[PDB]
Amino acid sequence: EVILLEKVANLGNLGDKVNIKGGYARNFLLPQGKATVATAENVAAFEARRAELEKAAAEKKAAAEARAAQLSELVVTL
RNA sequence: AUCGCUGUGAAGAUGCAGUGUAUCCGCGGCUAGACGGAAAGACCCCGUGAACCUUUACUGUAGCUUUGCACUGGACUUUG
């Protein structure tokens, strides 16, 4: 009953509409910018924004390339 | 207009009966009677009366506790 928008999770899709538990929509999926309820108020507004998502969602692993190269140097002094 | 006695009597009499005493009226005292006064007996019984206490009386119930379903999610596994 939700529209998923991210894929780096355990079961996060982007174009499948799944039926999940009621508390899993309320407290996690909706308030994190990660879904919206299956309403027909902007369901045709999703279809005019299908090519704005293909920019930032692809750099999401590309900006995690060189940022990860300073995460494993282990240069924190205790 | 308020005596004793002995009987009688709702069964212990100033008042009935019979009979003895006894002029009329205070004051001071004493308490034997007036089943003296005081409190619609406290004991006892009664009431399909009450109240409050008790419990292993009856019926409940606050509180405590158990599980089901809500609030309440994902993710692998032991597992059917």
# chains A, B, ... in the order shown; residues from 1 in each chain; ligands from 1
>>> residues_around(residues="residue A:6", least_positions_apart="3", cutoff="12 Å", atoms="only C-alpha atoms (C1' of nucleotides)", output="list in words")
residues 3, 9, 10, 11, 12, 13, 14, 15, 16, 29, 32, 33, 34, 35, 53, 54, 56, 57, 58 and 60 of chain A
>>> interface_residues(of="chain B", to="chain A", cutoff="12 Å", atoms="only C-alpha atoms (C1' of nucleotides)", output="ChimeraX atom specification")
/B:70-76
>>> write_last_selection(atoms="N, CA, C and O atoms (P, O5', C5', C4', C3', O3' and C1' of nucleotides)", output="PDB file, in the first residue's frame")
ATOM      1  P     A B  70      -4.031  -8.329  16.807  1.00  0.00           P
ATOM      2  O5'   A B  70      -4.679  -6.898  16.930  1.00  0.00           O
ATOM      3  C5'   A B  70      -3.939  -5.887  17.556  1.00  0.00           C
ATOM      4  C4'   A B  70      -4.764  -4.691  17.917  1.00  0.00           C
ATOM      5  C3'   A B  70      -3.914  -3.455  18.112  1.00  0.00           C
ATOM      6  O3'   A B  70      -3.732  -2.741  16.909  1.00  0.00           O
ATOM      7  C1'   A B  70      -5.183  -3.823  20.047  1.00  0.00           C
ATOM      8  P     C B  71      -2.279  -2.655  16.257  1.00  0.00           P
ATOM      9  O5'   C B  71      -1.606  -1.465  17.055  1.00  0.00           O
ATOM     10  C5'   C B  71      -2.265  -0.216  17.163  1.00  0.00           C
ATOM     11  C4'   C B  71      -1.771   0.556  18.354  1.00  0.00           C
ATOM     12  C3'   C B  71      -0.268   0.674  18.476  1.00  0.00           C
ATOM     13  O3'   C B  71       0.270   1.671  17.641  1.00  0.00           O
ATOM     14  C1'   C B  71      -1.187   0.085  20.566  1.00  0.00           C
ATOM     15  P     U B  72       1.761   1.519  17.101  1.00  0.00           P
ATOM     16  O5'   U B  72       1.900  -0.031  16.823  1.00  0.00           O
ATOM     17  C5'   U B  72       2.772  -0.499  15.810  1.00  0.00           C
ATOM     18  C4'   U B  72       3.039  -1.979  15.907  1.00  0.00           C
ATOM     19  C3'   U B  72       1.821  -2.895  15.867  1.00  0.00           C
ATOM     20  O3'   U B  72       2.157  -4.058  15.123  1.00  0.00           O
ATOM     21  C1'   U B  72       3.086  -3.341  17.800  1.00  0.00           C
ATOM     22  P     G B  73       1.837  -4.141  13.560  1.00  0.00           P
ATOM     23  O5'   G B  73       3.257  -3.945  12.872  1.00  0.00           O
ATOM     24  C5'   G B  73       4.431  -4.494  13.448  1.00  0.00           C
ATOM     25  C4'   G B  73       5.671  -3.775  12.977  1.00  0.00           C
ATOM     26  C3'   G B  73       6.719  -4.625  12.289  1.00  0.00           C
ATOM     27  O3'   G B  73       6.418  -4.928  10.938  1.00  0.00           O
ATOM     28  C1'   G B  73       7.768  -3.233  13.865  1.00  0.00           C
ATOM     29  P     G B  74       6.957  -6.291  10.278  1.00  0.00           P
ATOM     30  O5'   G B  74       8.516  -6.052  10.149  1.00  0.00           O
ATOM     31  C5'   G B  74       9.034  -5.097   9.232  1.00  0.00           C
ATOM     32  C4'   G B  74      10.490  -5.321   8.928  1.00  0.00           C
ATOM     33  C3'   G B  74      10.785  -6.680   8.303  1.00  0.00           C
ATOM     34  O3'   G B  74      11.818  -6.562   7.331  1.00  0.00           O
ATOM     35  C1'   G B  74      12.030  -6.437  10.290  1.00  0.00           C
ATOM     36  P     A B  75      11.994  -7.708   6.223  1.00  0.00           P
ATOM     37  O5'   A B  75      13.206  -8.567   6.799  1.00  0.00           O
ATOM     38  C5'   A B  75      14.409  -7.926   7.196  1.00  0.00           C
ATOM     39  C4'   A B  75      15.270  -8.811   8.067  1.00  0.00           C
ATOM     40  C3'   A B  75      15.138 -10.311   7.906  1.00  0.00           C
ATOM     41  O3'   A B  75      15.739 -10.792   6.714  1.00  0.00           O
ATOM     42  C1'   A B  75      15.526  -9.723  10.184  1.00  0.00           C
ATOM     43  P     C B  76      15.259 -12.168   6.023  1.00  0.00           P
ATOM     44  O5'   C B  76      15.649 -13.309   7.064  1.00  0.00           O
ATOM     45  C5'   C B  76      16.569 -14.336   6.724  1.00  0.00           C
ATOM     46  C4'   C B  76      17.619 -14.514   7.793  1.00  0.00           C
ATOM     47  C3'   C B  76      17.706 -15.895   8.423  1.00  0.00           C
ATOM     48  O3'   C B  76      18.470 -16.804   7.652  1.00  0.00           O
ATOM     49  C1'   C B  76      17.656 -14.266  10.126  1.00  0.00           C
TER      50        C B  76
END
>>> atom_distance(atom1="atom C1' of residue B:4", atom2="atom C1' of residue B:21")
7.3 Å
>>> select_by_dssp(residues="chain A", states="alpha helix (DSSP H)", output="list in words")
residues 22, 23, 24, 53, 54, 55, 56, 57, 58, 59, 60, 61 and 62 of chain A
>>> residues_around(residues="residue A:43", least_positions_apart="6", cutoff="12 Å", atoms="only C-alpha atoms (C1' of nucleotides)", output="PyMOL selection string")
chain A and resi 2-3+36-37+49-50
>>> residues_around(residues="residue B:2", least_positions_apart="4", cutoff="12 Å", atoms="only C-alpha atoms (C1' of nucleotides)", output="list in words")
residues 14, 15 and 34 of chain B
